[PDB]
Amino acid sequence: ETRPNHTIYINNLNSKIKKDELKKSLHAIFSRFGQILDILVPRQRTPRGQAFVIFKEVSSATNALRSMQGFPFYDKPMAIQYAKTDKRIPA
RNA sequence: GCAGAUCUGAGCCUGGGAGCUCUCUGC
């Protein structure tokens with residue numbers, strides 16, 4: 001169960017890409033949709049090609065999810081969903 | 001505790017990967 005929120009969850013990412021470059025590249029491509037609060041690439045026991053992009057506005061997440069769904073990124077089609085739980089930290 | 005680290009540290013769980021623990025580093 002997911003519903004629109006600030007955070008998109010991306011997998012099927014190319015796991016050979018260095019994490020720093022991956023973050024820069026995700027930021028460059030997804031910043032077009034709106035301001036990004038953070039990009040998380042969680043460390044796991046093995047590389048699994050997963051990341052979260054946290055937008056400042058939900059509409060940005062909505063349009064990013066629609067527009068980039070299945071779009072090639074480093075030669076792999078992105079699989080995007082809304083995050084099950086918003087990663088936004090509104091403190 | 002917080003933040004980081006493995007196709008370039010490790011053991012598990014899973015067996016169609018949005019899982020757990022450890023170790024190391026800084027604070």
Side-chain angles (χ1 to χ4, degrees):
Chain A
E1 198 182 342
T2 63
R3 59 183 179 86
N5 69 87
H6 293 86
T7 304
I8 58 171
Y9 170 68
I10 309 166
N11 64 352
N12 205 46
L13 295 167
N14 188 330
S15 57
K16 307 184 303 180
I17 304 304
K18 286 202 186 199
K19 179 179 298 188
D20 298 330
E21 181 185 329
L22 185 67
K23 290 183 181 176
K24 292 286 274 178
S25 287
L26 291 168
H27 200 282
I29 305 310
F30 283 100
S31 58
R32 135 164 147 255
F33 300 101
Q35 184 153 130
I36 291 171
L37 293 172
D38 202 1
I39 298 182
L40 310 173
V41 185
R43 191 176 193 256
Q44 282 156 317
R45 178 63 180 92
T46 55
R48 299 182 192 173
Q50 305 166 4
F52 296 86
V53 180
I54 308 169
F55 290 96
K56 193 205 289 200
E57 281 91 18
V58 178
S59 63
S60 308
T62 293
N63 295 323
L65 161 64
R66 177 187 72 259
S67 303
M68 303 306 299
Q69 190 66 262
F71 197 87
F73 188 71
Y74 290 91
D75 275 329
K76 291 194 76 173
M78 290 185 285
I80 314 181
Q81 318 163 49
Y82 290 115
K84 284 172 182 175
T85 66
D86 209 333
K87 301 272 186 192
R88 181 162 165 275
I89 301 180

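Chain naming here is simple, since letters A, B, ... match the order of the sequence lines and numbering starts at 1 in each. Any value given below was found using the heavy atoms of this structure, including those in side chains, with hydrogens, waters and symmetry copies removed.
Rounded to an integer number of Å, the gap from CG of A/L13 to P of B/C7 is 15 Å. The distance between atom CD of A/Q44 and atom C1' of B/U6, rounded to the nearest whole Å, is 12 Å. Rounded to whole Å, the distance from CZ on A/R48 to P on B/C20 is 10 Å. Spacing between atom CG of A/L40 and atom P of B/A18 amounts to 17 Å, rounded to whole angstrom units. Put simply, CD1 on A/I8 is 14 Å from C1' on B/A18, counting in whole angstrom units. Per the geometry, CG belonging to A/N12 stands 13 Å off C1' belonging to B/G16, to the nearest Å.
Here CE of A/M78 is found 10.5 Å from CG of A/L65. Values are rounded to the nearest 0.5 Å. Rounding to the nearest 0.5 angstrom, the gap separating the CZ atom in A/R3 from the CG atom in A/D86 is 9.0 Å. Here CD of A/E57 is found 8.0 Å from CG of A/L37. Values are rounded to the nearest 0.5 Å.
A gap of 31 Å separates the P atoms of B/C24 and B/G17, to the nearest Å. For the P atom pair drawn from B/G11 and B/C27, the interatomic distance equals 29 Å after rounding to whole Å. Spacing between B/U14 and B/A18 at atom P, rounded to whole Å, works out to 15 Å. Distance check on atom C1': B/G19 versus B/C2 gives 23 Å, rounded to whole Å. Between the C1' atoms of B/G9 and B/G4, the separation comes to 14 Å (whole Å). Comparing the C1' positions of B/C13 and B/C22 gives an interatomic distance of 14 Å, to the nearest angstrom. Taking atom P in both B/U23 and B/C12, the straight-line distance is 16 Å, to the nearest Å. Rounded to whole Å, the separation between the P atoms of B/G26 and B/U8 comes to 24 Å.
The nucleotide whose nearest atom lies closest to any side-chain atom of A/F52 is, among B/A18, B/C7, B/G17, B/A18.
Consecutive bases B/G9 and B/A10 are counted as stacked, their six-membered rings lying with centres under 5.5 Å apart and planes tilted under 30°. Here B/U14 and B/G15 show stacked bases; the six-membered rings are centred less than 5.5 angstrom apart and their planes meet at under 30°. Classification of the B/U6/B/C7 step: not stacked, the six-membered rings not being both closer than 5.5 Å at their centres and less than 30° apart in plane orientation.
Judged by the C1'-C2'-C3'-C4' torsion, which is negative here, the sugar of B/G15 sits on the south, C2'-endo side. For B/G16, the sign convention on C1'-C2'-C3'-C4' gives a south pucker, since the angle is negative. With respect to the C1'-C2'-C3'-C4' torsion, B/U8 shows a south sugar, the value lying on the negative side. B/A18 has a negative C1'-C2'-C3'-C4' torsion, placing its sugar in the south range.
Listed in residue order, the members of residues 83-91 of chain A having a heavy atom less than 4.0 Å from RNA chain B are A/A83, A/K84. Within residues 17-27 of chain A, the residues approached by RNA chain B to less than 4.0 Å at the level of any non-hydrogen atom are A/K18, A/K19, in residue-number order.
When each of A/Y82 and A/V41 is assigned the nucleotide of RNA chain B with its nearest heavy atom, A/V41 is the one assigned upstream, toward the 5' end.
No single ILVMFWY cluster, assembled from side-chain heavy atoms under 4.5 Å apart, contains both A/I36 and A/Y9. By the rule that hydrophobic residues join a cluster once side-chain heavy atoms approach within less than 4.5 Å of another member, A/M68 and A/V58 end up as members of separate clusters.
For A/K76, the side chain to side chain contact (heavy atoms under 4.5 Å, CB included) partners at least two apart in sequence or on another chain are A/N12, A/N14. In this view, A/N63 and A/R66 satisfy the side chain to side chain donor-acceptor pair (under 3.5 Å) rule, not counting sequence neighbours. With sequence neighbours left out, A/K84 forms a side chain to side chain contact (heavy atoms under 4.5 Å, CB included) with A/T2. Every residue two or more places apart in sequence or in another chain that forms a side chain to side chain donor-acceptor pair (under 3.5 Å) with A/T62 is listed here: A/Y82. Evaluation of the side chain to side chain donor-acceptor pair (under 3.5 Å) rule for A/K56 yields A/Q35 as partners, not counting sequence neighbours. Residues satisfying the side chain to side chain donor-acceptor pair (under 3.5 Å) criterion with A/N5, sequence neighbours excluded, are absent altogether.
Sequence neighbours left out, not one pair with a member in residues 13-42 of chain A passes ring pair (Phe, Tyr, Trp, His ring centres under 6.0 Å).
With pairs defined as Watson-Crick or G-U wobble and both atom distances under 3.5 Å, the stems of at least three pairs that touch RNA chain B come out as B:1-5 with B:23-27, B:9-12 with B:19-22.
Side chain of A/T7 to main chain of A/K87: a donor-acceptor pair is present (N/O by atom type, distance under 3.5 Å, no hydrogens or angles).
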Quick one: side chains of residues 47-55 of chain A, donor-acceptor pairs under 3.5 Å with protein atoms, not counting sequence neighbours, listed by atom name and distance.
from, atom 1, to, atom 2, distance (Å)
A/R48, NE, A/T46, OG1, 3.0
A/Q50, OE1, A/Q44, NE2, 2.9

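Nearest heavy-atom pair across A/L40 and A/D38 is CD2-OD2, 3.3 Å. Summarising the geometry of A/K23 relative to A/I39, their closest heavy-atom pair is O-CD1, 3.7 Å, with the distance given to 0.1 Å.
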Q. With the sugar-phosphate defined as primed atoms, P, OP1 and OP2, and the base as all remaining atoms, what B/S/- string results for nucleotides 21-27 of chain B, 5' to 3', for protein heavy atoms under 4.0 Å?
A. -------

